[PDB]
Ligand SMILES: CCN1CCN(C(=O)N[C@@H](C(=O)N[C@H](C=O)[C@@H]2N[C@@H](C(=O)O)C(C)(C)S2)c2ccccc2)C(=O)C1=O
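We begin with a single chain expressed as structure tokens, specifically the form solved without Piperacillin (Open Form).
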């Protein structure tokens, strides 16, 4: 009943942890800001100061006054949040009764749009909303402290008795991303899309030895420092959320299972004429139908669905399902990234022929760009899968050998021929190096290229996706391969990887 005083507690906003790239470049920085709040009941006793205060906050004279006149019985109000320290001391300099300030922090993202979807962003209350910012919120947010104070019935902050709890600052986080490579990838994906007249795309780069995601860029991107356009669509982290059917880009996994069965070898011949194969009512169709006999490498260069469907019937879907599952296609990445999709690797008790075939040439299963890159990383790491990481890997974990070193080495050699050989994906070539990869057309249609280099001793795996390229030529090759070429050459140079395609030793 009208207590003269009352003790009250306010929490001391914690300094949010630094996000850096793998080499300590800053990607998200807690920067000093100032929030202004008021005691209406103290403001009510200085009404002739309001126009000046309202002016200083950028508010309307008559609206500001309404606000205070109708929160007059109330004790607590916000005026403005988040402004610079000088501007906070500027309004403070008016010495308007009832105006108090509190020190806050707000995120600045120095690289901005370049690494937007990976870093994510925080909300108005400095809490993580997307990306790493949310994925690692507990680590990055420390602990809000608490300052014990005194106030009257009507709440004028008389005196700070003590601070009940010291606030704990959040911890620093080093990402797996290399901003030099991120920058390169971002720049070349962008530059590519506008030349093709493409709506959107993705590019993922991985270290095949460590599981580290060295780059993850999507187009379109947005400036996290300027979120005012609210765009909802252009904030898609496409590399992790756009599920697609991967097409011919999974044939090397079918081929891995064929080479492991004991029934197939590189020089084996398969007759794919007339470019179609009837199974009951359903007809398997090749996109290009000017072939009869093709060796195993030829099935890859030609993207022969018929060819891989006959290999699958012979070895069994179960062998193919097994490799695909073990390399992470349709599997939970364990990255805990918000909105991350898992896609779908169907299983069967009894696979019919049609499902066996469609699995083998990469339809019916759906995946993300990140899972594909991860699969390709395993193949490139001499058949050994390492867990995906968006954070810097200091101690490389034990991997699982999923494809035998021998088989993995043969599949690599074949994919090198796909890039090199006559009728191959020659605009995937990387100057000074052998490179290995596979093109495809994804059904979301997208131009896909997946691959790795150096081919004879792999370090880097890479997936390029270009959504709906707008020119006469619109296959899996013509668009994605030159991007892989350029981003791969750059990333190899940045990481000082030795050329393996000199005048041979």
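Positions refer to the first chain, counted from 1.
Not pictured, yet referred to below: the form deposited with Piperacillin (Open Form) bound.
Colleague: What stretch, of 61 to 69, 452 to 460, 469 to 477, 35 to 43, brings heavy atoms to within 4.5 Å of Piperacillin (Open Form) in the bound PDB entry?
Modeller: Looking at the partner contacts, the answer comes out as 469 to 477.
Colleague: Please identify the residue among 247, 131, 383, 211 with any heavy atom within 4.5 Å of Piperacillin (Open Form) in the bound PDB entry.
Modeller: Residue within 4.5 Å of the partner: 247.
Colleague: Using heavy atoms only and a 4.5 Å cut-off, determine which of 287, 400, 150, 77 is in contact with Piperacillin (Open Form) in the bound PDB entry.
Modeller: That would be 287.
Colleague: Even though Piperacillin (Open Form) is not shown here, does residue 363 get within 4.5 Å of it in the bound PDB entry, heavy atoms only?
Modeller: Heavy-atom contact with Piperacillin (Open Form) at 4.5 Å: present for residue 363.
Colleague: Hey, in the bound PDB entry, is residue 442 touching Piperacillin (Open Form), heavy atoms inside 4.5 Å?
Modeller: Taking the distances in the bound PDB entry, the answer for residue 442 is yes, it comes within 4.5 Å of Piperacillin (Open Form).
Colleague: Within 4.5 Å, heavy atoms only: does residue 139 come near Piperacillin (Open Form) in the bound PDB entry?
Modeller: Contact check for residue 139: no, nothing within 4.5 Å of Piperacillin (Open Form) in the bound PDB entry.
Colleague: How about residue 108: is it within 4.5 Å of Piperacillin (Open Form) in the bound PDB entry, going by heavy atoms?
Modeller: Residue 108 lies outside the contact set for Piperacillin (Open Form).
Colleague: Are there residues in 299 to 317 with a heavy atom within 4.5 Å of Piperacillin (Open Form) in the bound PDB entry, and which are they, in order?
Modeller: Sequence-ordered list: 303, 305.
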